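Protein chains in written order, with the working numbering: chain F, 957 to 1455; chain X, 957 to 1455.
C-beta atoms are modelled at their ideal positions from N, C-alpha and C, and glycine is treated no differently.
Here's the structure, in structure tokens; my notes come after.
Protein chains: 2
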Amino acid sequence: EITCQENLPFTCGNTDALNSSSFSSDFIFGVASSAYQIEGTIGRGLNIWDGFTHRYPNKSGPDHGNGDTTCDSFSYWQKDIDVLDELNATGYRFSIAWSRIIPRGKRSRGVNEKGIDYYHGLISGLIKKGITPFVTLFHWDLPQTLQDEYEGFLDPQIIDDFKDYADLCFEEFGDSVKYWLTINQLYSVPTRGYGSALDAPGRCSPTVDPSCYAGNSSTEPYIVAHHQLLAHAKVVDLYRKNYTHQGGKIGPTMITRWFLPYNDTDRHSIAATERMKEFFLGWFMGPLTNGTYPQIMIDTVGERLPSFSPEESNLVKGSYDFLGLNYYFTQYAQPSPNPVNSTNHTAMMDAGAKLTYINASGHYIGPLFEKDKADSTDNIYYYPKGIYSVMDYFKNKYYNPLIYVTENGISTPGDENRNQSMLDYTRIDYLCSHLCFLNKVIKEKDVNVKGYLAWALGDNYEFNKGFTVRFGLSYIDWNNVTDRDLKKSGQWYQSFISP
Amino acid sequence: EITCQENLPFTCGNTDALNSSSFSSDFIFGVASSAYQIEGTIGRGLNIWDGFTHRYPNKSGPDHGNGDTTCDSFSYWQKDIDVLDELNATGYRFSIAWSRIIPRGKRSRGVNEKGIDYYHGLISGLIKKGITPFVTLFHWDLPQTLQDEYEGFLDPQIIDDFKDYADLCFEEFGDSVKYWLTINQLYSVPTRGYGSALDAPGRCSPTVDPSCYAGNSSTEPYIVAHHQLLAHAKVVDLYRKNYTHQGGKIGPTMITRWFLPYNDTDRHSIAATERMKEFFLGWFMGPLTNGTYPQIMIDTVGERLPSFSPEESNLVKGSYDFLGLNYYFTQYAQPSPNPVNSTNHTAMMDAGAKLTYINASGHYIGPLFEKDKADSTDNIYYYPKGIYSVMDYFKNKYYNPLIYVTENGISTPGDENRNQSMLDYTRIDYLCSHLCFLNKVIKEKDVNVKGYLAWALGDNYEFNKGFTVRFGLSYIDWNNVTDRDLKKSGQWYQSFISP
Ligand SMILES: *[C@@H]1O[C@H](CO)[C@@H](O)[C@H](O)[C@H]1NC(C)=O
Ligand SMILES: *[C@@H]1O[C@H](CO)[C@@H](O)[C@H](O)[C@H]1NC(C)=O
Ligand SMILES: *[C@@H]1O[C@H](CO)[C@@H](O)[C@H](O)[C@H]1NC(C)=O
Ligand SMILES: *[C@@H]1O[C@H](CO)[C@@H](O)[C@H](O)[C@H]1NC(C)=O
Ligand SMILES: *[C@@H]1O[C@H](CO)[C@@H](O)[C@H](O)[C@H]1NC(C)=O
Ligand SMILES: *[C@@H]1O[C@H](CO)[C@@H](O)[C@H](O)[C@H]1NC(C)=O
Ligand SMILES: OC[C@H]1N/C(=N\O)[C@H](O)[C@@H](O)[C@@H]1O
Ligand SMILES: OC[C@H]1N/C(=N\O)[C@H](O)[C@@H](O)[C@@H]1O
Ligand SMILES: [Zn+2]
């Protein structure tokens, strides 16, 4: 019988009690990254994260930081492999920058052979060290040209451009890459990129944020989400029809959260919690498992929710061999109005829920996850059992999928000095508390989870936050980025992997 | 009788002997800038100077500097107006960033009203201080989308996109702007952007520079130059047919240089010198005055030189109300082979000339203009009489045009500290020596020159050099860019203007 802690102090950092041998022999352990965040612009075209951070610097991060040079994994990819080798990691999730291999967006305009060579070397070096690649085709860094030609995922033109890009990746790298992820966190671009405009490309309704260059927060999230599903599905069908000889697997990445009622004896809060599951997870998992959006979304969103034709439904339903599930935290849900006629209406209001980390009786759900110094009542708190709840829910509700945990991790503040940042015991407690629950759900619920990739391999540019927070298991000095030095968490993870 | 100095020491910094009253009463005096170099990316889309400096950082400058923030004239445009007001300047040349007003390149994709507002405020503030704007529509900063859709000026699609952009500028700002420049230095994009790949977009033949993403240095300069002439001419015809009510004037900007024989008793060097005039100046001035390229270019370049149809010839011939002539220096020319079959052949080799600053008897042409610490035999030297020679030549060869000197200036090294940089006596000597010759040619040759705009208003990002050199008449601290403090040269220029 496995017992896991939900509250500080944690004791799961003792590798005598929790280690890789606690999991099945074949279980993959590693770390994750993405291309905007780590490579730098050298050698690639420009994408919408370049565009957004440069046009709206105060949205790039409080320090106005961006991915121009970052940790320079363009030059120092071997040092990333060395970190993985030091960890004895068996997996590494990274992304391919579309703008590095097809700087002009549309594949007929030519490829960047040097870009292709950069990923070939990375992939070869990973394999030579026994590290299985998990490659994300699209971690948000859309070539700027596509955004400017047709507003990217807002237009159905994205489908074929994304398919031709994907096809080039499978042709060039699929002999060695056997695990592909299509779009990172399907929920995030529609809502943050086209709803709140916190993320690239930064579109929204005028009264949501007057800085947005265009948009409609009420309708565009749905359009973009629908196009993401179609583009994803077209790529999975291409992979499974044209690249079955490579013997690999493909899936989407979901951001997952658990949801609990803000008041667990209040029917209205319970109903909001179930609505959040459908609006946050079912918005994509209903299409992916059934070819349709959830009924509550059909009902509430009405004419703003696109329909799938019968062909599209069939393309999307079942369009995965596995699911990459990212997991960081859980929210309490309570009812909230949905003012659909308000000029500041967003798609995120359609769920009819307000989300918090404190419940009605004043209980904070778990330890601190992210401090927000400008408004401390907006602090995020984590909830280790949420990983158990999410995996259980996916098995039960979503037809027993094969799952890889493709991100899990926690930041520490960029204001800490190097010594403080290296002594990242808060990160060991976060990681180990989640791994304990992950082992527990695999054993108790028989969830088909086959690997875990912690966020992040190293310190990097953090979307929305610049370099004001650090997520790495290895530390990078921004005044001299060559080295990636294992923190206390990296050193702990090394011992967890090889106890 | 006017006597002007050609060699150090100069004495023309004494405003008792040379000042604005030496020139006609109506003569315009001011300074110049360009939008990439001064504004920053905030509030605009991305262009090919963003793309080039980010993809090829070692070509942006030795410091890898770029125009991301620069002197932040987006925020501090009023401080630029204050500099001009302090100078009592009567003119200011600046450029409009296409990517600020039409971030998506093609006007039908929408305009950026806030971008438009930024130039309206600038223009209104200039006029309120009695400063005549001279506005460059295109100072090299092509929206990246156009480069990625069709390779920008490489394709004839540029013509209409540039025309629709220009039309928006005339509609929005032409009620107040009465002097328009179309393309900055017609020679430079074809040769540096598409020949040597020193400049955006960075195309060349593979053996010229293996880093180029595509190109052909032998043919693409000609294609691009031809499209520039067509696009320029289409915009001048639009201005003169549709905006004649505004009562303004439009012209191209030429980079001018004088050329002298490396050996003035050697027929071969004399012939090379005359070939350089045709290949450097006549490449554009033959079309602009006659609708045809020079005969020597027709003969030498052969099938690589595009033809104008009769309609195009007529559009281009006479497509100026004035000429903006930039002038910085003069070269000696000697013969050089033109290996047209060599894989590393460039269009610049077609003139059959090698250019130096030292003649056959060892004479350096004038004072130091730019030191090149990596190869000192590549140092540039200036030649004050060259401004006289150029203006005389334009009057005699090119049908007595109306001329504004739209750039003239000199750098000082970025390694100097602030005190040294403020004590920029070398810049006073450069400026005054040229102004003396400019007054002399107006008086002696009756050249129709009506104003002079020194490069630059302030320190800025220098194409190819980052922040490793300074050109300003006012100093900017890169650790805190708000202020623009007049240097010794700005203070001298103030007294020259108002003696
Ligand atoms: C941040 O920048 C935008 C311009 O993109 C401006 O509209 C907004 O007010 C600024 N935000 C703050 C908090 O100052
Ligand atoms: C607009 O929404 C903001 C946050 O969504 C809210 O504080 C404000 O009341 C809303 N305004 C109206 C008119 O509903
Ligand atoms: C930068 O870091 C690398 C790795 O530690 C080191 O070898 C190199 O000397 C350092 N550079 C400077 C300038 O300190
Ligand atoms: C500069 O960068 C390019 C890659 O864009 C590389 O090909 C070239 O060798 C580097 N130049 C030098 C002098 O190192
Ligand atoms: C290529 O040109 C470079 C400079 O233009 C020159 O030094 C070299 O000789 C040329 N090579 C050939 C094969 O002509
Ligand atoms: C920056 O320069 C401006 C102008 O001199 C000054 O007012 C402001 O205090 C300076 N900022 C800092 C942080 O020094
Ligand atoms: O916020 C941490 C990490 N979290 C993420 N999702 O939750 C992103 O996919 C990744 O790019 C980001 O850096
Ligand atoms: O090199 C000085 C100056 N010289 C220029 N031409 O000669 C450019 O138009 C301008 O952008 C550049 O900064
Ligand atoms: Zn940048």
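Item: Taking the Cβ atom as the reference point for each residue, do X/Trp1033 and X/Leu1102 lie within a distance shorter than 8 Å?; Value: no
Item: Does the Cβ of X/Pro1157 lie closer than 7 Å to at least one heavy atom of ligand 4?; Value: no
Item: Along the region 985-1015 of chain F, where does the CB come closer than 8 Å to a CB of chain X? Name the residues.; Value: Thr997, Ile998, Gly999, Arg1000, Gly1001, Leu1002, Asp1006, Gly1007, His1010, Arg1011, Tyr1012, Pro1013
Item: Does the beta carbon of F/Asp1024 fall short of 7 Å from some heavy atom of ligand 9?; Value: yes
Item: At which residue ranges does the region 1020-1056 of chain F contain complete alpha helix (DSSP H) runs of 4 or more residues, listed in the order of the chain?; Value: 1033-1043
Item: Short of 8 Å Cβ to Cβ, which residues in the region 1154-1170 of chain F face chain X?; Value: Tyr1169, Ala1170
Item: How many Å lie between F/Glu1127 and F/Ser1064 at the Cα?; Value: 15 Å
Item: Tell me whether the beta-carbon of F/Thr1138 lies closer than 8 Å to the beta-carbon of F/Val1091.; Value: no
Item: I need the DSSP call for F/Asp982, collapsed to helix, strand or coil.; Value: coil
Item: Give me the chain X residues within the contact set of F/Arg1223, using Cβ-Cβ distance strictly less than 9 Å, ordered along the chain.; Value: Result: empty, since nearest Cβ-Cβ is about 47 Å, beyond 9 Å.
Item: Using a Cβ cut-off of 8 Å (strictly closer), state whether F/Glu1267 contacts chain X.; Value: no
Item: Which residues in the same chain as X/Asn1270 place their Cβ atom closer than 8 Å to its Cβ, once the five residues preceding and following it in sequence are excluded?; Value: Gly1247
Item: Just checking, does the region 1393-1406 of chain X make contact with the region 1433-1451 of chain X on the three C-beta pairs under 8 Å criterion?; Value: no
Item: For the region 1270-1303 of chain F, list the beta strand (DSSP E) runs that are entirely contained and at least 3 residues long, ordered along the chain.; Value: 1279-1291
Item: Taking Cβ positions only, does X/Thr1101 come closer than 8 Å to chain F?; Value: yes
Item: May I ask you to verify whether the region 973-981 of chain X touches the region 1013-1020 of chain X, counting CB pairs closer than 8 Å and requiring at least 3?; Value: no
Item: Less than 8 Å between CB atoms is the rule here; does F/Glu1105 satisfy it with respect to chain X?; Value: yes
Item: Short of 7 Å in beta carbon distance, which residues of its chain neighbour residue 1459 of chain X, apart from the five on each side in sequence? Order them along the chain.; Value: Given that chain X is displayed from residue 957 to residue 1455, the structure contains no residue 1459 of chain X and the question cannot be resolved.
Item: For X/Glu1363, report the span of its beta strand (DSSP E) as first-last.; Value: 1358-1363
Item: Check the Cβ-Cβ distances between residue 1463 of chain F and every residue of chain X, and say whether any is below 8 Å.; Value: Missing from the structure shown is residue 1463 of chain F; chain F here goes from 957 to 1455 and no further.
Item: May I ask you to list, following chain order, the residues of the region 1059-1078 of chain X that have a beta carbon less than 8 Å from some beta carbon of chain F?; Value: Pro1059, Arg1060, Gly1061, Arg1065, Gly1066, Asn1068
Item: In chain order, what residues of the same chain have a beta carbon less than 7 Å from the beta carbon of X/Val1067, not counting five sequence neighbours either side?; Value: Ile1057, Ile1058, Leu1124
Item: If distances are taken between C-alpha atoms only, which option among F/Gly1370, F/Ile1179, F/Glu1230, F/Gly1149 comes closest to F/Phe1264?; Value: F/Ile1179
Item: How long is the line joining the alpha carbons of F/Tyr1338 and F/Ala1227, rounded to whole angstroms?; Value: 22 Å
Item: Counting contacts by CB-CB distance shorter than 8 Å, is F/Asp1024 in contact with chain X?; Value: yes
Item: Can you determine whether any heavy atom of ligand 5 sits closer than 7 Å to the C-beta of X/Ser1298, and answer yes or no?; Value: yes
Item: I want to check one thing, is the minimum distance from the CB of X/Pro1295 to the heavy atoms of ligand 5 below 7 Å?; Value: yes
Item: For X/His1010, count neighbouring Cβ atoms within 10 angstroms of its own Cβ and tell me buried if that reaches 16, exposed if not.; Value: buried
Item: Could you tell me whether the Cβ atoms of X/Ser1451 and X/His1301 are closer together than 8 Å?; Value: no
Item: Could you tell me the alpha carbon to alpha carbon distance between X/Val1133 and X/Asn1373, rounded to whole angstroms?; Value: 38 Å
Item: Can you tell me whether F/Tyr1012 sits near ligand 1, meaning its C-beta is under 7 Å from at least one heavy atom of the ligand?; Value: yes
Item: With a threshold of 7 Å, establish whether the CB of X/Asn1219 neighbours any heavy atom of ligand 3.; Value: no
Item: For the alpha helix (DSSP H) that contains X/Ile1079, what are its first and last residues?; Value: 1069-1084
Item: Here's the rule I'm using: 16 or more other beta-carbon atoms within 10 Å means buried, otherwise exposed. How should X/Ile1083 be labelled?; Value: exposed
Item: Can you name the start and end residues of the beta strand (DSSP E) that X/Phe1452 belongs to?; Value: Run containing X/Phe1452: none in the beta strand (DSSP E); it sits in the alpha helix (DSSP H), 1444-1453.
Item: Comparing C-alpha positions only, which one of X/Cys1388, X/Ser1389, X/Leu1387, X/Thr1368 sits nearest to X/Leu1379?; Value: X/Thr1368
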